[PDB]
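> Before I ask anything, here's the sequence and the deposited coordinates:
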Protein chains: 2
Amino acid sequence: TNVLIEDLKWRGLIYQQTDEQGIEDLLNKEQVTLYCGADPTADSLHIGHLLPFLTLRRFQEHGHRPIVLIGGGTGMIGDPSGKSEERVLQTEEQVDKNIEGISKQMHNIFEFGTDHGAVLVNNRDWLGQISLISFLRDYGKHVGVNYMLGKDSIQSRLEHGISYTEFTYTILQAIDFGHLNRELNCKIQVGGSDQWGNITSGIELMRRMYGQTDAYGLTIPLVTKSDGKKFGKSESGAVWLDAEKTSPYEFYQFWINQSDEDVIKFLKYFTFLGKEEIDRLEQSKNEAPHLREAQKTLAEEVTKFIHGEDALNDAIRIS
Amino acid sequence: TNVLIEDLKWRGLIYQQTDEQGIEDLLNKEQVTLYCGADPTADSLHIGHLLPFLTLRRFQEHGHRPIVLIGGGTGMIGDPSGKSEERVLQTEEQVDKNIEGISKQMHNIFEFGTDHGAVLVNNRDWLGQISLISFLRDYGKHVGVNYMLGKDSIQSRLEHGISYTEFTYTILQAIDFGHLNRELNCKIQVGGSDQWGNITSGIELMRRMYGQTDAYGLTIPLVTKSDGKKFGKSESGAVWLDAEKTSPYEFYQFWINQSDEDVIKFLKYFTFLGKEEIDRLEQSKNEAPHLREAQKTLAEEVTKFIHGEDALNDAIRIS
Ligand SMILES: N[C@@H](Cc1ccc(O)cc1)C(=O)N[C@H](C(=O)O)[C@H]1[C@H](O)[C@](O)(CO)[C@@H](O)CN1O
Ligand SMILES: N[C@@H](Cc1ccc(O)cc1)C(=O)N[C@H](C(=O)O)[C@H]1[C@H](O)[C@](O)(CO)[C@@H](O)CN1O
């Protein structure tokens, strides 16, 4: 038993684990409970969010469980990770409006509603309670400043000033992990490179609060185009997984006009084909580039997936 | 948490449980490990085997696990359940040949190969070992004759004589359940009406051997045609889920020419639609019978499933 660890590292989806061996272990023994999340900083996800939520499927595939968290709380604050400009808060309706969009997509990418499947959580439930005096007593006590001033994320901000709220974000997200680690049994936190800091911060506080209850962190990598030009950025800014911002036809194309270099890879990253199917599909590429098979299947795979069987047609029938 | 128990009894898939409440319970608490099996008495399954193995999916759907057992051992003996004529043994090649067929179908109906998914077991592994003196000591001791002479199955046989082997079958199958109950954690045994006796017999010996380690038995019902004529029996004897004995076109038809009375039901029994989709699909039936929607979708559902997306086409394109 250890095939899942096998394809996630063939397909190259492993940027870093906190404790390699430890993760390798429980994955080949117990049925883990890994989760991922996103704040409602928009009313639609974008292909940058496609990789991480798929890796959650990869896991679910072999008996494991995935938990999808929507930032109904940490959303209103926003994650300075990466950013090198302070954010700007947003209207209670704005957030509570956005989550209606993001939730409509997840619900389609994953299967919510079972007796023991994935779960959709919103942190405004546990962060919506906890008070000012409280937060300071119960959590702040064992969350030292030298540590926070250590998070890579923060410096870009420390450099041209980081407001206190951007600064008290990591503690908001640590509280989360812990809550799930103690509430749904969560032990692994999957997320992009931009989440190393927050992930780790979650386990560091899990240890202080009570000798780290078997928690670990996994990071999916950074999808890199071949030419060195921003995966996910069209003139039409991003490439939105929302039909009416980025359509199946526009969607379709994006994957079929995708370069041959960064092609098989993307096949591994976003398709549920096997090493065989790809092997062959890598072949058609390597010697009969005219039929343009790679670029084609990829497309029709991710499109039927994201957008539909029929809309795939509709898209193709417009091609 | 209790939706699965909800649709299995809406769709009517529950003929009987050994301990109703007890099953209701662990199903709304822990992720069960239910299994089902079939002896290689042929090299292809038939629609009579479609219901039970689907109900295993129903379960797997909500976090649970299914184990598919092939009778590589109890096969060579054959289950007198139902039968009212002694069986006839069969060639070691014959069995070892048949299982190649039956396994090719399961592998397509279920997903074998994961870190923690369903598992394919063959009992010739645990029954292939156990010796004559042994079997008598370790198992026979606490397997009283008055009990066996109680199994409904047996009397039909007791009436026109039951050979000892048909008689020592139930103990072969009890040993199984137990082995899985102690080996893979199995707690529920799903199978058709014709398996009540064997199922129960498995838990009765599990208790004697050691206070029944939390085992229960579930039975799917008997698919009944509307007219009262043998579901699954064509002139072409059965309706084989093997392409080259019962083809997608022949397959296709069988479901589209299926009567309107026993139609929505069969929709519930064999399709993964919702109560909604069916509601509507029950409607089209009830007032626009000309479009013949029920009979149609059913077909194309079960066909794409059993035989393929493309072969569905091929079938339709021959319709
Ligand atoms: N603080 C997190 C959100 C979070 C919310 C609650 C938690 O308890 C832990 C983290 C974040 O910044 N997420 C990105 C987002 O937009 O929501 C998102 C990124 O955009 C990403 O590319 C795909 O979602 C990858 O970094 C994974 N991420 O969660
Ligand atoms: N003794 C069982 C097989 C068995 C094998 C190993 C076990 O440890 C327990 C039982 C039997 O008779 N099965 C049917 C078959 O043909 O294999 C089969 C029936 O045909 C059925 O209709 C669908 O498979 C339903 O009764 C479920 N059944 O298992």
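Cool, got the structure. Numbers count the residues shown, from 1 in each chain, chains lettered A, B, ... in the order given. Ligands and ions are numbered 1, 2, ... in the order given.

> hey, let's count contacts and neighbours off CA atoms from now on
OK.

> Pick out the residue of the stretch 51-200 of chain A closest to ligand 2.
residue A:63 (23.2 Å; CA to the nearest ligand atom).

> helix or strand for that residue, which one?
According to DSSP states H and E, residue A:63 maps onto no helix or strand at all.

> Equivalent analysis for the one 5 residues further on, please.
Residue A:68 belongs to strand A:65-70 when elements are defined using DSSP H and E.

> show me where the stretch 151-300 of chain A has helices.
Taking DSSP state H, counting those that start in this stretch to define them, one finds helices in the stretch 151-300 of chain A at A:152-159, A:164-167, A:170-183, A:196-209, A:248-256, A:264-270, A:275-287, A:293-307.

> can you list these in TSV and add mean neighbour count and distance to residue B:13?
Shown next, in TSV, are the helices of the stretch 151-300 of chain A (neighbours: other CA atoms under 10 Å in any protein chain shown; distance: least, CA to CA, whole Å):
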stretch	mean neighbour count	distance to residue B:13
helix A:152-159	17	55
helix A:164-167	14	54
helix A:170-183	20	34
helix A:196-209	21	45
helix A:248-256	20	39
helix A:264-270	20	37
helix A:275-287	14	37
helix A:293-307	21	31
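
> Which one of those lies nearest to ligand 1?
Of all the helices of the stretch 151-300 of chain A, helix A:170-183 sits nearest to ligand 1, with 4.5 Å by CA to the nearest ligand atom.

> what helices or strands is the closest one leaning on?
On a contact count with 3 or more CA pairs under 8 Å, 6 or more residues apart in numbering or on different chains; DSSP states H and E, helix A:170-183 meets helix A:196-209.

> tilt between the helix it packs on and helix A:152-159?
Per axes from the mean of the first three to the mean of the last three CA atoms, to 10 degrees, the angle that helix A:196-209 makes with helix A:152-159 is 110 degrees.

> Contacts made by helix A:196-209 with the rest, please.
For helix A:196-209, the external contacting residues (CA atoms under 8 Å, 6 or more residues apart in numbering or on different chains) are A:18, A:142-143, A:151-153, A:170-171, A:173-178, A:189, A:212-213, A:215-217, A:219.

> Could you chop chain A up by domain?
Here the domain assignment for chain A is A:2-222, A:223-318, based on curated CATH domains.

> Adding distance to ligand 2 as columns, could you present the helices of the stretch 151-300 of chain A in a markdown table?
What follows is the helices of the stretch 151-300 of chain A, written out as a markdown table (distance: least, CA to the nearest ligand atom, whole Å):
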| stretch | distance to ligand 2 |
| --- | --- |
| helix A:152-159 | 57 |
| helix A:164-167 | 60 |
| helix A:170-183 | 37 |
| helix A:196-209 | 45 |
| helix A:248-256 | 43 |
| helix A:264-270 | 37 |
| helix A:275-287 | 32 |
| helix A:293-307 | 33 |
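
> Out of those helices, which is closest to residue A:14?
Between residue A:14 and the helices of the stretch 151-300 of chain A, the shortest gap by CA to CA is with helix A:264-270, which sits at 10.8 Å.

> Could you pull up the residues touching residue A:263?
Shown in contact with residue A:263 (CA under 8 Å, 6+ apart): A:294-295.

> Okay, residue A:23 and ligand 2: tell me how far apart.
According to CA to the nearest ligand atom, to the nearest Å, residue A:23 stands 35 Å off from ligand 2.

> got the contact list for that residue?
Contact analysis of residue A:23 by CA under 8 Å, 6+ apart lists A:17, A:216.

> go with 10 Å
Listed by CA atoms under 10 Å, 6 or more residues apart in numbering or on different chains, the contact set of residue A:23 reads A:5, A:17, A:32, A:187-188, A:214-218.

> just residue A:266 next, same as before
Contacts for residue A:266 were tallied using CA under 10 Å, 6+ apart; they are A:11, A:51, A:223-225, A:255, A:258, A:260, A:294-295, A:298.

> Direction-wise, compare the strand holding residue A:68 with helix A:170-183 and give the angle.
Going by the same axes, to 10 degrees, strand A:65-70 is angled at 150 degrees with respect to helix A:170-183.

> Can you name the secondary structure element that comes next after strand A:65-70?
Heading C-terminal from strand A:65-70, the first helix or strand you meet, by DSSP H and E, is helix A:92-109.

> Next, format the contacts of residue A:266 as CSV and append distance to residue B:69.
Output for these, formatted as CSV (distance: CA to CA, whole Å):
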residue, distance to residue B:69
A:11, 33
A:51, 36
A:223, 42
A:224, 45
A:225, 47
A:255, 42
A:258, 45
A:260, 45
A:294, 39
A:295, 41
A:298, 36
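
> before we move on, back to that, compile the domains of chain A into CSV and extend it with columns for distance to residue B:94.
Formatted as CSV, the domains of chain A follow (distance: least, CA to CA, whole Å):
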stretch, distance to residue B:94
domain A:2-222, 34
domain A:223-318, 32
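
> Would it be right to say that residue A:120 lies in a helix?
No: Residue A:120: not assigned to a helix; according to DSSP: H, G, I helix; E, B strand; the rest coil it is strand.

> now the closest residue to it other than its chain neighbours: how far from residue B:25?
Closest residue to residue A:120 apart from its sequence neighbours, by CA to CA, 6 or more residues apart in numbering or on different chains: residue A:68 at 4.7 Å. Using CA to CA, to the nearest Å, residue A:68 is found at 27 Å from residue B:25.

> These two - which one has more neighbours?
More crowded of residue A:68 and residue B:25, by other CA atoms under 10 Å in any protein chain shown: residue A:68, with 22 against 12.

> So which of the contacts of residue A:23 are in strands?
Judged by DSSP state E, strands contain the following of those: A:17, A:188, A:216-218.

> now, among these, which is nearest to residue A:59?
residue A:188 (11.0 Å).

> sorry, back to before: arrange the contacts of residue A:23 in TSV, one row each, with distance to chain B and neighbour count as further columns.
Shown next, in TSV, are the contacts of residue A:23 (distance: CA to the nearest CA, whole Å; neighbours: other CA atoms under 10 Å in any protein chain shown):
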residue	distance to chain B	neighbour count
A:5	9	19
A:17	20	20
A:32	10	21
A:187	17	23
A:188	17	24
A:214	20	16
A:215	20	24
A:216	19	22
A:217	20	24
A:218	18	25
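
> Widest-spaced pair of these?
Top of the distance list for those (CA to CA): A:5 and A:214, 18.3 Å.

> picking up where we left off before, for the residue nearest to residue A:120, list the residues it contacts.
If you count contacts by CA under 10 Å, 6+ apart, then residue A:68 has A:34-38, A:53, A:56, A:103, A:106-107, A:110, A:112, A:118-122 around it.

> Mind doing that once more with 6 Å?
With contacts defined as CA atoms under 6 Å, 6 or more residues apart in numbering or on different chains, residue A:68 is in contact with A:35-37, A:119-120.

> Reformat those residues as JSON lines; add neighbour count and distance to residue B:264.
Converted to JSON lines, those look like this (neighbours: other CA atoms under 10 Å in any protein chain shown; distance: CA to CA, whole Å):
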{"residue": "A:35", "neighbour count": "25", "distance to residue B:264": "38"}
{"residue": "A:36", "neighbour count": "19", "distance to residue B:264": "39"}
{"residue": "A:37", "neighbour count": "20", "distance to residue B:264": "40"}
{"residue": "A:119", "neighbour count": "19", "distance to residue B:264": "31"}
{"residue": "A:120", "neighbour count": "19", "distance to residue B:264": "32"}
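
> what's the closest of the residues you listed to residue A:94?
For the contacts of residue A:68, the residue nearest residue A:94 by CA to CA is residue A:37; the value is 18.4 Å.

> Endpoint to endpoint, stretch A:208-219 covers what distance?
Chord length of stretch A:208-219, first to last residue, is 23 Å (CA to CA).
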